[PDB]
Amino acid sequence: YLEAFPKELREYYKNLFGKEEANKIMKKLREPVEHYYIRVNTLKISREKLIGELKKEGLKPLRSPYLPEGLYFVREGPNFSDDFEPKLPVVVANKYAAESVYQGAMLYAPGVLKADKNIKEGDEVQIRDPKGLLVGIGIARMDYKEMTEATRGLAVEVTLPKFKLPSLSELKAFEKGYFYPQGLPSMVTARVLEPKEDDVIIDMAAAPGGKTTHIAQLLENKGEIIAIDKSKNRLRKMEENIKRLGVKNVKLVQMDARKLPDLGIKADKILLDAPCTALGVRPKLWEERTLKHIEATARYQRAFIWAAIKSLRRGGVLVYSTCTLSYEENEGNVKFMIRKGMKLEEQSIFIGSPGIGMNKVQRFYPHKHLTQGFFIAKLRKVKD
Ligand SMILES: Nc1ncnc2c1ncn2[C@@H]1O[C@H](C[C@@H](N)CC[C@H](N)C(=O)O)[C@@H](O)[C@H]1O
């Protein structure tokens, strides 16, 4: 599994976590989350009602004892050994299709990069990513020719994915806005913000609106949430999420969030779920980002942070979060915040790990908490 991570990043992890822990993290990082979480949209439905609805579809949701809005599914797999060499013709899926197949998705024709020419419908085939990673085994539903030419349709019915997560996008319950897929650390993030109906609230990197709509339901569609993103398409997707979830609480604004103080707003609560190297996301088939990205991105996040601090009322609260493992983007950038008049505060929910040489910030690790790698800092602005 180590091959999935560039050598200098591996040295970095060993340095930052210790050889043993670093190895446990990387190994788990290559696998999908063991507990696949969704958020109950309490704007439309209760947890127990939704559970009943999901059981109807043959799904087995489990309750979180920490998040009354939390449900999760237990991951299946691995369904074959890491060294398994099936005696089967190969279908090569592109980088994106391979990752979804890795978690139980079917392989559709546009996802097919190339294939063995002997393949006919009904043949058993193995599916590999462009680097030879075996991600699944299944039955071809197209001949070789149609597979490499079709613009739509089923190419391989994946009957033996390496891992299996439930597909929730096609459920009636999803179309009716009953839930929103979202990791446990992400849900904790919104709770720890403790949004109030009175608070002036800003999500300055909000699309596609996962944490924003979570705040919305905690506010019970009262108050107002200002949600900022630079991307119009991602804001376009966020508009759809809002409508589906029945969120009436949110004001969208397109802009570079680093220029946030250009508004005349002094917020009481700011969520900064900052763009990051995403070193913690799962599954991690191949890590492309490395040390140069950590420094550049960390420096890039500071602009957001500074913008937020200047836009906070004194006594105001900032919650900073990333889906990355690096020190620089996390604890290092919090030290930055501490030098700029911010004070660390106890978070209301703490089920993860302590930070690196740092007490009140919260980390999540895939090997310890069955989640993506994650980081949460909650700060109070004591002075300007
Ligand atoms: N300078 C920027 N200004 C505003 N938004 C940005 C900027 N750079 C990146 N973003 C957005 O930051 C977001 C990063 C997302 N991963 C955040 C997801 C969000 N927290 C959610 O709960 O769904 C993307 O939507 C980016 O479009």
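Residue numbers count from 1 along this sequence. FYI, side chains are in, hydrogens and waters are out, and symmetry mates aren't considered; it's all heavy atoms of this structure.
Note on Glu287 versus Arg289: no salt bridge recorded, every NZ/NE/NH1/NH2 to OD/OE distance being 4.0 Å or above. Classification of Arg75 and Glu34 as a salt-bridged pair holds, one side-chain N sitting under 4.0 Å from a carboxylate O. Ion pair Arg244/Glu240 not flagged as a salt bridge, since none of the NZ, NE, NH1 or NH2 atoms sits closer than 4.0 Å to an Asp/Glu carboxylate oxygen. Taking the charged nitrogens against the carboxylate oxygens, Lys162 and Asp82 do have a contact shorter than 4.0 Å, which makes a salt bridge. Here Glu53 pairs with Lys56 in a salt bridge; the nearest charged N to carboxylate O distance falls below 4.0 Å.
Ring-plane geometry between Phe375 and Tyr320 is classed as perpendicular, the angle between the planes exceeding 60 degrees on a 0 to 90 degree scale with a lower cut at 30. By the 30° and 60° cut-offs, the orientation of the rings of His35 relative to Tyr72 is parallel. Taking the six-membered ring where the residue is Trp, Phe304 and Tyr300 present perpendicular rings, their angle passing 60° and hence far from 30°.
Here the CZ atom belonging to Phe179 is positioned 10.0 Å from the CG atom belonging to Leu71, to the nearest 0.5 angstrom. Here NZ of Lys60 is found 15.5 Å from CD of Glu57. Values are rounded to the nearest 0.5 Å. Distance OG1/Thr212 to NZ/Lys251: 13.5 Å, rounded to 0.5 Å.
No side-chain heavy atom of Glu345 sits less than 4.5 Å from a side-chain heavy atom of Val317. The shortest distance between side-chain heavy atoms of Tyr144 and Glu121 does not fall below 4.5 Å. The side-chain heavy atoms of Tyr66 and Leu184, taken from C-beta on, include no pair separated by under 4.5 Å.
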Original post:
Would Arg299 and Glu328 satisfy salt bridge (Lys or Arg N to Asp or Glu O under 4.0 Å), going step by step from the backbone distance to the final call?
Top reply: CA-CA 9 Å; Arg299 178 166 66 254; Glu328 290 81 356; over 6 Å; no
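Between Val125 and the choices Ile137, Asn118, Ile119, the side-chain contact (heavy atoms from CB on, under 4.5 Å) rule is met once, by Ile119. Across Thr297, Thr322, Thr277, a single residue satisfies side-chain hydrogen bond (donor to acceptor under 3.5 Å, both in side chains) together with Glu329, and that is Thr277. Put simply, the residue from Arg191, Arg39, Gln217 that forms a side-chain hydrogen bond (donor to acceptor under 3.5 Å, both in side chains) with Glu69 is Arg191.
Donor-acceptor pairing under 3.5 Å is recorded for the side chains of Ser81 and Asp83. At a cut-off of 3.5 Å, with distance as the only test, no side-chain donor of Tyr365 or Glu21 sits close to an acceptor on the other residue.
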